[PDB]
Amino acid sequence: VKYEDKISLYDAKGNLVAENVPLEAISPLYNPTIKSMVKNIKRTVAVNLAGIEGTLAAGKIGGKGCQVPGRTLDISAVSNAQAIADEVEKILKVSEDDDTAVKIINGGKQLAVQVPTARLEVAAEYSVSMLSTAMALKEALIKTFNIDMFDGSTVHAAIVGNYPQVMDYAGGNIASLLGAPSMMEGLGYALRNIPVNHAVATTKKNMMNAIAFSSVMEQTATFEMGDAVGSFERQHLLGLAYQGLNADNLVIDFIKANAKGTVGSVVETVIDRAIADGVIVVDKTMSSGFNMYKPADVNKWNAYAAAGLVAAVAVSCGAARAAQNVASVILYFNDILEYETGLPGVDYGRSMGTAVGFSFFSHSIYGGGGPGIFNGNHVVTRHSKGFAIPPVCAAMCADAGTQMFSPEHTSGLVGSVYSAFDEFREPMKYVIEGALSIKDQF
Amino acid sequence: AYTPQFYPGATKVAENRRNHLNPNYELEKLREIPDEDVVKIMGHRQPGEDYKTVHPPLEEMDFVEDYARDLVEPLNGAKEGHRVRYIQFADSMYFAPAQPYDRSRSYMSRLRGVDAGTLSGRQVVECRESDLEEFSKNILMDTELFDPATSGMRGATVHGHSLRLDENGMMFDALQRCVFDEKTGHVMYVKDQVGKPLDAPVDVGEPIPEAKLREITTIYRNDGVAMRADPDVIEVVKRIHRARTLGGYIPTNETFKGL
Amino acid sequence: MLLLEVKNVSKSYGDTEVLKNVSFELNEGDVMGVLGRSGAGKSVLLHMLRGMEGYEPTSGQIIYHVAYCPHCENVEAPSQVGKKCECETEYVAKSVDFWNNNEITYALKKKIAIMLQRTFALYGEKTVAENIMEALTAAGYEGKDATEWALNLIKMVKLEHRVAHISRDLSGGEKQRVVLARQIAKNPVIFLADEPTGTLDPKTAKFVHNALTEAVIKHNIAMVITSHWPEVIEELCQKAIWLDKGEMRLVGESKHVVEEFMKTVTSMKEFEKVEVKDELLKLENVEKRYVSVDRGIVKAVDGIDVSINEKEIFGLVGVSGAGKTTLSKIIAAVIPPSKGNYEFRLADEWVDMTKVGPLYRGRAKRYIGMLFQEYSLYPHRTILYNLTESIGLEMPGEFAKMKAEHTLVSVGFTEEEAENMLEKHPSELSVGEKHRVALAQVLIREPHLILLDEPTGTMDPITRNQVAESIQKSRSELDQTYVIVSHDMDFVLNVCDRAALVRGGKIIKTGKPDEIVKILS
Amino acid sequence: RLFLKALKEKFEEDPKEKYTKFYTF
Amino acid sequence: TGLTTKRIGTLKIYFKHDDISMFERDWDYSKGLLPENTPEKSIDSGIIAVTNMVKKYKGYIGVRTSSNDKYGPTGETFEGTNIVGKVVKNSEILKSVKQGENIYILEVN
Ligand SMILES: Nc1ncnc2c1ncn2[C@@H]1O[C@H](COP(=O)(O)OP(=O)(O)OP(=O)(O)O)[C@@H](O)[C@H]1O
Ligand SMILES: Nc1ncnc2c1ncn2[C@@H]1O[C@H](COP(=O)(O)OP(=O)(O)OP(=O)(O)O)[C@@H](O)[C@H]1O
Ligand SMILES: [Mg+2]
Ligand SMILES: [Zn+2]
């Protein structure tokens, strides 16, 4: 072993699960659950059969406001559905014991296809899933309803949409949780593409599970970026454990201690807990009082501050029952903590900078959209390495339906597709179980 | 437990910042503006009529079972279900008692479920309408956080935070929401915070004298109290900057030995 | 069979037995009436049955007996025990005891509907259709099912003229009917209705009532309905209780109970005549149009010429949506007219009032007070603060207490009740105590022109006669002019003298309240 | 009451009298 | 009261009720009436006080012959009242002076 840090795992209700769990048991490089979620995200494709039928019936191929007269096909994709799914499964099949899975969603109007891992083992990128599904769906539609040879281009345009001209799937009816790898903000940014609303809808508006999902994706992405390599790996593992997985029940304890409280009371409880646990000590006392504080464990202090950040967002957005407060809570939590202790904030100011980004992105005419569409693959929100996004999930889970960008408006298909998997609907419980399965190997 | 300090420093400005940050410090009140007058200057709703709603009350709407979400007690305006409104303030650099970052920090330290925003010549707090009116009357308007001359409740056109005061000591207003009545010596709001005229002008009180404004301000000035007279705040700022730099370079205990 | 039992429950609020010795039994389908005076405990009892926070019993308990699926969390009617689920499993019968943290509680709480008193549980910005659509989708149904219902439903509460109209911009009883149509559309096991009709006019009240029957009594959903206005208790309930100050004064067949209750009652006080004095207000061609690029024009007031003659009580009667609240807001200089003249004879000069400012509308607005139909108080302040410090009383704070007590007594509270009510919050009052407090808040500043949008609506005949003699005494001893919007006819006969009828933004004819009555019928 | 009339006559801060800048000329 | 010029000042009775006797104000010198000497405990009898700018009736002076724990000598709460002085020797004349009559004071330090 290389890390002597032990954590105690708790469930979403605050009950103890296990003690003295090694810190690397929740690592993305060791946890089987996190590996399974990464593979499932890489290989799951969502297909809108009703959208394909509507696009082909009206000739609505192209993009926004685009319509080609004369290129209309009257097929019944929703009515057949099972035959199309069987054809797609047969085309995508590699071995007989394959993981090819084309299931029917909402009575034939949607498809949830999982391409086999054999096609991803010999692929340098995750885009093989969507391209293979598009090709299988085109072949299934052409063979099921006898499409003329001169209308296969129309079928392709309805399924994928402007792909050879626009390197993206814009006007099509096929979707994935990950965008195009050429449309990333930086290299290794593929896993920070799931927005807040998708995580909230996948977890069925559960607070701790959405936090765990967002934190697992963000910290696995920091491992993918090469950020959590060497001396930063311990800080990212501690951040994941204490912010997303509720290590030592810190988030639940801070929320329980600040049920009637404010953000400043959360800051006070965080400082009290860090002093009591020995994470921070008094550096020196100035002339005007104000005993300065220094971290005895820098990464553990960062993890404690991140857990308190999540708890402060939960407390303020549960008091207001509105998800518009996330930016101010993160910004002034970090500000109050820094000028109360003389200690650095979460991610050494990167969380505060990303909170300023959230502020100008969700509170002005210069802004655009609400906090539900926050993802780490955006230039506004990329700066914090997995420490500012998981609180936004708690904020959107605490929202009492006062946001235009509600999870119901933007992520209904995503929730209906990815809520069927147990490790996605309840990421916290299954990540804890996967950590429990590999305790003895450390 | 942990006794919370709030701000470093020995000067009067640092003491005022600590007092603003302290939720257990009772701010000294200096005027009485009635609740309906604060509502009228706010300009969101007619006084006497019911609050407009954005969603049904929380008992009526059905949510999923969430243990962590239900631990936090919601606000009363969130319980009934009310629209989220705002109140915006401009603060002069010439010894206004409250300052934008100080305002935001004190609001987020003292109030529950608020949305604070800080600009150079602007500061806005958003909350549910009933609770927002409650702390607008109780804290924001009648206490030593407000001066009708050097501060002003104003949305829409904001300008004059860095300009000099007029002949009556008031902050410049391009829309002239509040004027000076020399017969009573009081400042009267003739328009609401966004700019439409009021049917009856509302007395927000008289300007605070400059001698009191020197004692109750939270800004550092060369003609008042400068940061060179407060070396403890500069040392804390430099320590925060160095800790951020060392954490961004390599976040280990051995690299923080040179802190 | 039996749906819920009520054991001997005595609800207390700090030496305040709001309720004591309350016990009744219900079966699968029956309408139960809760009849009583104002402040008797009907809203407390309905929030008690709903299981809202703060309404936990101190002495007794209530048992809910339901059906249940252990794999689906669907609660149902107890009659379903023996039938086949909408899932696997058959069913299981549960004696959910509320206030006992019995899991099912959550599912059962979802399966019960409540019509809150003077509170519109609607999304506001989600129109009328999407508000009802939400109800269906939320509760279940499906595209077609929802659509069918949505349309079939909007017909019942009568809202086809406001379909795409934003529900925030609706008008009182229209929001009441919207909340109602949201409340049937969940398939409840019980519909608890607190003042289901509202301050609704006879005709619209009849539609609401039939809609209720058309639906809840068809699906044999038990009904708990309160109205301290009997004629509905009879036409709806078969078994009704009469309670007085939290104690069941009687428990019988609804007919006998309503009889007995109505005997306890009093007649009006037909005051002495009064001569009025000169014209004060003159509105000439007042129009108010709400134009949308997405819903059409709503000509709320469509050309209205009225005159008020100074010390007099003026009535405005009509149907729901006629334009009475828009007119009263135009009089109070709250809502400017799209077109038309309004002059107020301050003393002899007629200030043009569609001109904002102290130099113009302000002049008369110092002496204009309005009580809104959708009224409110300050919930973070006490009642004494609400009368004295919240609005600004021109007197020292030591002497404002007895002024507020005198105003509350003049409104129709006793000395003990007004003394006990002063150190209290508006959330601790009843709807009707809050209404009288808001009326006192309007009256305490002593304005000249007073606009009262539905002073009654939740007052026993006795409380209503009280508020009435109040207005009459203040008009004569203080020569205060009043403009009254009301739906109770006998209030207009024994209070008003020159009422006017409003129909679609028009004035039709103005005259005596009896003449208005024979014009109406 | 006599005391109510005395308080109303003695403590009536008339806006036209107190704020002549706005309500007059 | 005029003690800046002469040795005997004049106070005019403005309003009276049982124990309370409020004096007239000057709406020319009541400008910088910041809260200065605000009571901390119950006000004792024979205390002269002026209401500061917090209350609506700023500048009015008054005195009461009894003690209460809630209201100052002018009917306002303690945060709206600043104590300026007290009556030391001569009493039982504030209960026998009508409204509008002038009483004369002498400073004894
Ligand atoms: N939270 C509370 N705390 C204390 N007393 C309360 C509270 N809520 C209601 N009350 C009192 O309990 C009594 C019953 O009130 P309730 O609202 O049930 O009256 P009601 O019979 O519905 O009358 P109304 O016709 O006015 O609606 C009243 O005296 C009311 O003031
Ligand atoms: N702001 C608004 N925008 C659009 N239409 C409105 C608006 N306010 C009211 N209306 C419509 O104008 C009509 C008149 O409304 P008003 O409130 O004046 O009615 P009313 O006669 O008082 O009825 P009620 O008895 O329900 O109070 C109603 O149909 C209402 O929906
Ligand atoms: Mg009630
Ligand atoms: Zn079932």
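Below, chains carry the letters A, B, ... as their sequence lines are ordered, and counting in each starts from 1. Both ligands and their constituent atoms are indexed starting at 1 by order of listing.
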Identity and distance of the protein heavy atom lying nearest [atom]:
atom: atom 18 (O) of ligand 2; result: C:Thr326 OG1, 2.5 Å
atom: atom 9 (C) of ligand 2; result: C:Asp169 O, 3.6 Å
atom: atom 22 (O) of ligand 2; result: C:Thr325 OG1, 2.6 Å
atom: atom 13 (C) of ligand 2; result: C:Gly321 O, 3.7 Å
atom: atom 1 (N) of ligand 2; result: C:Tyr290 CE2, 3.3 Å
atom: atom 15 (O) of ligand 2; result: C:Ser171 CB, 3.4 Å

Taking heavy atoms and a distance under 4.0 Å, where does C:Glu454 meet ligand 2: side chain, backbone, both or neither?
neither
Report the part of C:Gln373 in contact with ligand 2, treating N, CA, C, O as backbone and CB onward as side chain, heavy atoms under 4.0 Å; options are side chain, backbone, both, neither.
side chain
So C:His47 and C:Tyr55, would you call those rings parallel, tilted or perpendicular, with 30° and 60° as cut-offs?
perpendicular
Under a 4.5 Å cut-off applied to non-hydrogen side-chain atoms, are C:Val317 and C:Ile484 in contact?
no
Confirm or rule out an N/O/S atom of C:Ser430, from backbone or side chain, lying less than 2.8 Å from the Mg ion (ligand 3).
no
Taking both backbone and side-chain atoms into account, decide whether C:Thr226 has an N/O/S atom under 2.8 Å from the Mg ion (ligand 3).
no
C:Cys87 SG to C:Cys85 SG via the Zn ion (ligand 4), rounded to 10°, gives 100°
Using side chain to side chain donor-acceptor pair (under 3.5 Å), reason through B:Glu129 and B:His44 one step at a time and then give a plain yes or no.
CA-CA 9 Å; B:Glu129 187 161 56; B:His44 296 319; 5.3 Å; no
Verify the distance criterion only: is there a donor paired with an acceptor across the side chains of [X] and [Y] at less than 3.5 Å?
X: C:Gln117; Y: C:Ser43; answer: yes
X: C:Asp201; Y: C:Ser320; answer: no
X: C:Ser10; Y: C:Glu17; answer: no

Can you sort out which atoms of ligand 2 are near [X], meaning under 4.0 Å from one of its heavy atoms?
X: C:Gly173; answer: 26 (O)
X: C:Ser320; answer: 23 (O), 25 (O), 26 (O)
X: C:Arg162; answer: 29 (O), 31 (O)

Report yes if the distance between the aromatic ring centroids of B:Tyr51 and B:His82 is under 6.0 Å, otherwise no.
yes
Suppose we only count N/O/S atoms under 2.8 Å; would C:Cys69 qualify as near the Zn ion (ligand 4)?
yes
For ligand 2, is there an N or O atom under 3.5 Å from any N or O atom of C:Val298?
no
Passes side chain to side chain donor-acceptor pair (under 3.5 Å), C:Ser171 versus C:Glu174? Steps please.
CA-CA 5 Å; C:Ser171 91; C:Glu174 294 184 325; 3.3 Å; yes
Checking side chain to side chain donor-acceptor pair (under 3.5 Å) for the pair C:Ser328/C:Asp453: CA distance, chi angles, key distance, verdict?
CA-CA 8 Å; C:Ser328 66; C:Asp453 208 313; 3.3 Å; yes
Just going by heavy-atom distances, which of C:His165, C:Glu174, C:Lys324 is nearest to atom 28 (C) of ligand 2?
C:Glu174
With a cutoff of 4.0 Å, is C:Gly323 in contact with ligand 2, counting heavy atoms of the residue only?
yes
Between C:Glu160 and C:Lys155, does at least one N-O distance fall below 4.0 Å, as a salt bridge requires?
yes
May I ask you to say whether C:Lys110 pairs ionically with B:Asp62, meaning some side-chain N is under 4.0 Å from a carboxylate O?
no
